[PDB]
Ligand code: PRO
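Take a look at this single chain, the form deposited without this ligand, given in structure tokens.
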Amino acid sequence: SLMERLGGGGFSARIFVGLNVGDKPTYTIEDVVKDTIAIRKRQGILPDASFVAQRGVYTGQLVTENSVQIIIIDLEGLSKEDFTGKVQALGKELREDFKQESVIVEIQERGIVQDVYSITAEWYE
């Protein structure tokens, strides 16, 4: 076994996606992973990512929903803003593909949070 130190950290991102339309359980974690590979394939990047399941509670009223935590590592060796741009594009497309009111995107470097973007739908009301 060859042990190689890839570095001190690098850029990573985390995307949180709910599975409810309003308050109805609708999508599964398998829906989000299959749709995440498809989006990043069209981006040209390697769609390599991992997914963690979560239980969520949020508020207007209080809903309990299942959510999915998406972890992306900057494997293709991009700059921070080319990497941030595609993650934000993935989050924006993920919010539409699952009719979410909001999607959180959090960019990290060596585990330290650099930015946390809010992707909110502008539904007319």
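Numbering starts at 1 and follows the sequence shown. Shifts are known only where both forms have a C-alpha. Superpose the two forms; the largest set of C-alphas matching within 1.5 Å is the rigid core.
Only in words, not in the display: the form solved in complex with this ligand, which the text now covers.
Visitor: Does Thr36 make contact with this ligand in the entry with it bound, using a 4.5 Å heavy atom cut-off?
Guide: No, no contact at 4.5 Å.
Visitor: Examine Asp115 and determine whether its closest non-hydrogen atom to this ligand in the entry with it bound is within 4.5 angstroms.
Guide: Judged by the heavy-atom cut-off of 4.5 Å, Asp115 is well away from this ligand in the entry with it bound.
Visitor: Looking in the entry with it bound, any heavy atom of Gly111 within 4.5 Å of this ligand?
Guide: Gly111: no, not in contact with this ligand in the entry with it bound.
Visitor: Give a yes or no for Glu106: in the entry with it bound, does one of its heavy atoms lie within 4.5 Å of a heavy atom belonging to this ligand?
Guide: No, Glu106 stays farther than 4.5 Å from this ligand in the entry with it bound.
Visitor: Could you list the residues in 14 to 42 that come within 4.5 Å of this ligand in the entry with it bound, counting only heavy atoms and keeping sequence order?
Guide: Counting only heavy atoms within 4.5 Å of this ligand in the entry with it bound, the contacting residues of 14 to 42 are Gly18, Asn20, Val21, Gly22.
Visitor: Using a rigid core alignment, state whether the CA of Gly9 is displaced by 2 Å or more between the shown form and the other one.
Guide: Yes, the C-alpha moves 2 Å or more.
Visitor: If the CA atoms of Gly7 and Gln43 move by 3 Å or more in the entry with it bound, do they move toward each other or away, so closer or farther than here?
Guide: Result: closer.
Visitor: Do the C-alpha atoms of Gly8 and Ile45 sit closer or farther apart in the entry with it bound than they do here, given a shift of 3 Å or more?
Guide: Closer is correct, given that in the entry with it bound the C-alpha spacing of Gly8 to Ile45 is reduced by at least 3 Å.
Visitor: For a quick check of understanding: after superposing on the core, name the runs of at least three residues, shared by both forms, whose CA atoms each shift 2 angstroms or more between the shown form and the other one.
Guide: Run found: 1 to 9, no others.
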